[PDB]
Amino acid sequence: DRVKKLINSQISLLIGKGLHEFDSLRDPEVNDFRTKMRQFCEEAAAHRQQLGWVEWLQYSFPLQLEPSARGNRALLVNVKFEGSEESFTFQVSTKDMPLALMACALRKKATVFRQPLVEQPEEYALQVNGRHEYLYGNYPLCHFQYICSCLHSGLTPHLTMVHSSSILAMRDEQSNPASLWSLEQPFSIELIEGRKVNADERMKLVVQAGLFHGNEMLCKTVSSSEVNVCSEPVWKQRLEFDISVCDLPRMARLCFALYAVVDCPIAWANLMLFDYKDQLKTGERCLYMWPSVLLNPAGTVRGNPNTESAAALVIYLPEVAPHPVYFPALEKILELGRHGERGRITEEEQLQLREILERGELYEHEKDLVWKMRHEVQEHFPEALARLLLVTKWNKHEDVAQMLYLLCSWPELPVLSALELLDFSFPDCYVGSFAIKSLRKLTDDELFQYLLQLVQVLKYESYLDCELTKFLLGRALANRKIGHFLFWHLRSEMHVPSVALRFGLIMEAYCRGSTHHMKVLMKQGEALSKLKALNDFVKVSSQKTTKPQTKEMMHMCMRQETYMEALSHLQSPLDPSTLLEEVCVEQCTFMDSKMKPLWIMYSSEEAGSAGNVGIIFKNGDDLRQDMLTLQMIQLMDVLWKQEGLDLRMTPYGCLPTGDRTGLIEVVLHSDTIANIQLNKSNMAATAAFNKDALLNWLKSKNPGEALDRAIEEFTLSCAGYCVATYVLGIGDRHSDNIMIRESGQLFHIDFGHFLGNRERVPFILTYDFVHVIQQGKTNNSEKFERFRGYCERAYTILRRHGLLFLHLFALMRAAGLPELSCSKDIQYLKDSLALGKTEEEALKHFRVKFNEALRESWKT
Ligand SMILES: Oc1cccc(-c2cccc([C@]34CCOC[C@H]3C4)n2)c1
């Protein structure tokens, strides 16, 4: 129909790639992915359109609960009914549930409307005014993030009673429209020739080839003969490997590196030896190579799409049999693996085995004992699966069969264990499928917390149709907030050729599953397009005229009908719960830094004061490492809160949306330490001593009794950020990248560098901040040591979750961030968390680094 053609054009525009481009590849793997995932996502959409009204609230407006709630005090609340300007202000308890609040609003409505009411509180949900956020379910009001925030800020919760018929009307409005093992011969290939090779004519060309299973070599690497540098080198030679065809594991990858020698790296290319349908590849392959910025096994197994300029390697995969050869089916593997010798060992060896499995590099004899005792591992140490997988001989099909027999009856593992198993160190497809099965129990909150890392893991996948893609799509189609961030994490990397195909296909499938959300996301893309054009203008103008001039010109551009329409009434890409209603042009500006980022302000009558929100649009900087740093800080805040420690952190939004483009959430009523320390005259904060400036500023924002709370907020957040910057090795910290809220809360901005990047970043204590902590007194050991206590408690909590941080950072290596590209970068985190030590030893070490920081602070 004409509606299908329109939806196809809308998807093409949204994802940034024409769908016709998928068809043009004439790739059966692409075609099957598109068909199967379209069916899967359309089935999820059919299920969603018939959800009950409360299930539909769970889909569109998933609950935002405090970390303590997951798994007393008087409170004033303002409640109105939908489409009525009239509101009721009443007193409830923080311990009361939404149902009691709703029953109270209904009794009030019945008295005011003089009618014995027809409505039960069970037919309603409470919307947060002017936000895509609702309060519902059997949780006390203090457990909702919105109420918890209102309590901390002192503000009165403003809620709207929304009836079930109104929620159903939303559901309806948003509907989609109407045998290998016999082949003993060594594996070999013919290296035919190269095309479009660029190198120094004085040198020679060589092709290094290796067979890998993840990062691990399946045998020794082999090199071609050296042939003189030219545009079309010709080898026409056989490269034989030290591994039988029968012993190639299912996920074996053949990896190449073309280089020049008198070493000068030129290009690299990888390919899976078996296709997506489990068939062993035969015949000619033209491999369009990727430039080398020598073998790169973690590199993509798809060819470079720039076939016009890429160097190409032509190879021949020999016909090993007169008929096609497929990897054996699971039943054949299980039959082979079912047979073995069950380990019988001494009581002393059982103690030595327990010692190593509970301990991750091992010696050869330690690996032999783990393998020998693999049945004992399964039955009594199931969480040591990763250790057993690492000792398995992936180059011996009998050993692999025996490992897979145990894997297929392995008990499900905790979420923490499964995150480790997604690492590229575990490349087998059954292992990958096992990890996904153990991750199905992830709550939507945990999935959201690790979504960024799960998206990065897609870059290690060998095939398009995989369990991780299906998992992410199914969870995204069942939770609109997950769907929102899955979309943006994929869309923001469409300018990266190695992932544009895979990411483009996932975004298309998602859109098939929610036509309405596709349109919501298109409205966000239109605002982003306008912001880029506006920012390009500001960049040009800022070099030619004065700031008030560029600001008025920026304002005139925004007041154009096309800009006013595109920039208004959208869901925020930083947070789909936040609605960006009317752009407040008068309040919009830009910042003086290099990229001239735009500062965009919004207001919303319906949301009142909560509708006053800002976004910063920045183009020219890669925001991926900032987002990762902020998400790690937010995880620290969750882990602390789960132990009842609230360090008053400010986990503001940061989201890459495109090529060196993204948004940052504005924290209103905040200023940089630098601006406050300028100590300007005729201000409430003006000081006799520069050290008095920050405290005088806090006193001016918090007069009388409020000062004590502000100093406390400052102290707790200082402790949180001191521990966060030390653990993450956040460097380049000065007064212009540290901010303070009027509440007293300190937070960090502009996370350009982390993990010591290479130098070990020491713990930092600044004397201007010690002065505030000590309430302006020269000596105040009571307050200072209380602050040290918060630091120690925060640090010991993080250490206890050390493995989670390590597993997440390990998955992030797939992102290709320059400061997270090797083992040295992660060693930084291993050292800061001192995980190879006892808690008493690590606390002793932290105390040494803290005291060293105090003595450095005392020099000021
Ligand atoms: O994470 C980054 C990365 C790069 C630049 C920055 C930045 C620079 C200047 C201002 C800000 C604020 C101002 C107050 O609200 C909080 C954040 C948005 N952030 C933050």
Confirm whether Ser149 is outside any loop (DSSP other than H, G, I, E, B), more than 30 Å from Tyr430 (Cα to Cα) and not aliphatic (A, V, I, L, M). yes
Against the definition (part of a loop (DSSP other than H, G, I, E, B), in contact with a strand residue (DSSP E or B) (Cβ under 6 Å, 6 or more places away or on another chain) and not hydrophobic (A, V, I, L, M, F, W, C)), how does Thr89 come out, yes or no? no
In the set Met102, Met97, which member is closer than 30 Å to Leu570 by Cα, surrounded by 15 or more Cβ atoms within 10 Å (Cβ to Cβ) and hydrophobic (A, V, I, L, M, F, W, C)? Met102
Neighbours by Cβ (under 9 Å, 6+ apart or cross-chain): first from the stretch 386-398, basic (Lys, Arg); second in a loop (DSSP other than H, G, I, E, B): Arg387/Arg359; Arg387/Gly360; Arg387/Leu362; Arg387/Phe381
Residue within the stretch 570-579 that is more than 30 Å from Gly18 (Cβ to Cβ), within 16 Å of the ligand (Cβ to nearest atom) and either aliphatic (A, V, I, L, M) or in contact with a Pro (Cβ under 9 Å, 6 or more places away or on another chain) (or both) present: no
Is there a residue being assigned to a helix (DSSP H, G or I), in contact with a helix residue (DSSP H, G or I) (Cβ under 6 Å, 6 or more places away or on another chain) and crowded, with 22+ Cβ neighbours inside 10 Å anywhere in the stretch 539-546? no
Subset of the stretch 418-464 that is polar (S, T, N, Q), part of a helix (DSSP H, G or I) and under 17 Å from the mean Cα position of the chain (by Cα) - its residue that is surrounded by the fewest Cβ atoms within 10 Å (Cβ to Cβ): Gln449
Is the stretch 551-569 home to any residue that is closer than 27 Å to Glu85 by Cβ and either within 16 Å of the ligand (Cβ to nearest atom) or of a type in the set (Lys, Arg) (or both)? no
Does the stretch 118-132 contain at least one residue that is surrounded by fewer than 17 Cβ atoms within 10 Å (Cβ to Cβ), aromatic (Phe, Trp, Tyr) and out of contact with any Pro (no Cβ under 8 Å at 6 or more places or on another chain)? no
Considering only the stretch 736-743, I want to know if a residue exists there that is small (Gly, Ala, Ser), farther than 30 Å from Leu468 by Cβ and buried (at least 19 other Cβ atoms within 10 Å of the Cβ). yes
So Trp599 clears everything in (1) surrounded by fewer than 18 Cβ atoms within 10 Å (Cβ to Cβ); (2) in a helix (DSSP H, G or I); (3) of a type in the set (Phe, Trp, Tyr) except one condition, right? Which one? (2)
Sole exception among (1) of a type outside the set (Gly, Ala, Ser); (2) within 21 Å of the chain's Cα centre (by Cα); (3) away from the ligand (no atom under 16 Å from the Cβ) for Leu694, by number: (2)
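Conditions (1) more than 16 Å from the ligand (Cβ to nearest atom); (2) touching a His at 6+ places or on another chain (Cβ under 9 Å); (3) of a type outside the set (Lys, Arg), marked per residue:
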| site | (1), (2), (3) |
| --- | --- |
| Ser603 | yes, no, yes |
| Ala610 | yes, yes, yes |
| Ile616 | no, no, yes |
| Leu623 | no, no, yes |
| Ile633 | no, yes, yes |
| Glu643 | yes, no, yes |
| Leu655 | no, yes, yes |
| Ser670 | no, no, yes |
| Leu707 | yes, no, yes |
Identify the residue in the stretch 580-596 that is surrounded by fewer than 17 Cβ atoms within 10 Å (Cβ to Cβ), part of a loop (DSSP other than H, G, I, E, B) and more than 28 Å from the chain's Cα centre (by Cα) and, among all such residues, is nearest to the ligand (Cβ to nearest atom). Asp592
When the stretch 727-745 is checked residue by residue, the ones that are closer than 16 Å to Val770 by Cβ and away from the ligand (no atom under 12 Å from the Cβ) are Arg733, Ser735, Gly744
Considering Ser175, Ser179, which residue is within 30 Å of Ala125 (Cα to Cα), of a type in the set (S, T, N, Q) and in contact with a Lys or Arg (Cβ under 9 Å, 6 or more places away or on another chain)? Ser175
Suppose we keep only residues that are assigned to a helix (DSSP H, G or I) and more than 16 Å from the chain's Cα centre (by Cα) within the stretch 465-480. Which one would you say is farthest from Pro573 (Cα to Cα)? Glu467
Is at least one residue of the stretch 780-792 more than 16 Å from the ligand (Cβ to nearest atom), under 27 Å from the mean Cα position of the chain (by Cα), closer than 26 Å to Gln625 by Cα and buried (at least 18 other Cβ atoms within 10 Å of the Cβ)? yes
Going by the conditions given, is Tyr721 within 30 Å of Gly662 (Cβ to Cβ) and more than 13 Å from the ligand (Cβ to nearest atom)? yes
Looking at the structure I just gave you, is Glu605 outside any helix (DSSP H, G or I) and surrounded by fewer than 19 Cβ atoms within 10 Å (Cβ to Cβ)? yes
Could you please give the count of residues in the stretch 528-578 that are over 23 Å from the mean Cα position of the chain (by Cα), among the small types (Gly, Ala, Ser) and within 18 Å of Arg491 (Cα to Cα)? 1
Which pairs turn up if I take residues in the stretch 725-742 that are on the phi > 0 side of the Ramachandran plot and look for partners that are more than 13 Å from the ligand (Cβ to nearest atom) and assigned to a helix (DSSP H, G or I) with beta carbon separation below 7 Å, at least 6 apart in sequence or on another chain? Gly729/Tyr828; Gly729/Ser832
Which pairs turn up if I take residues in the stretch 635-660 that are farther than 22 Å from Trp488 by Cβ and look for partners that are outside any helix (DSSP H, G or I) and within 12 Å of the ligand (Cβ to nearest atom) with beta carbon separation below 8 Å, at least 6 apart in sequence or on another chain? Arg648/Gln745; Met649/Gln745; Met649/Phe747
Neighbours by Cβ (under 6 Å, 6+ apart or cross-chain): first from the stretch 58-69, under 13 Å from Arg131 (Cα atoms); second crowded, with 19+ Cβ neighbours inside 10 Å and among the hydroxyl-bearing types (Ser, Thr, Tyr): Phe61/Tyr134
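Taken together, the values in this text are just the output of simple stated rules run on the coordinates, not laboratory data. In this analysis, Cβ positions are derived from the backbone assuming ideal geometry, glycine residues included, and neighbour counts consider all displayed protein chains.
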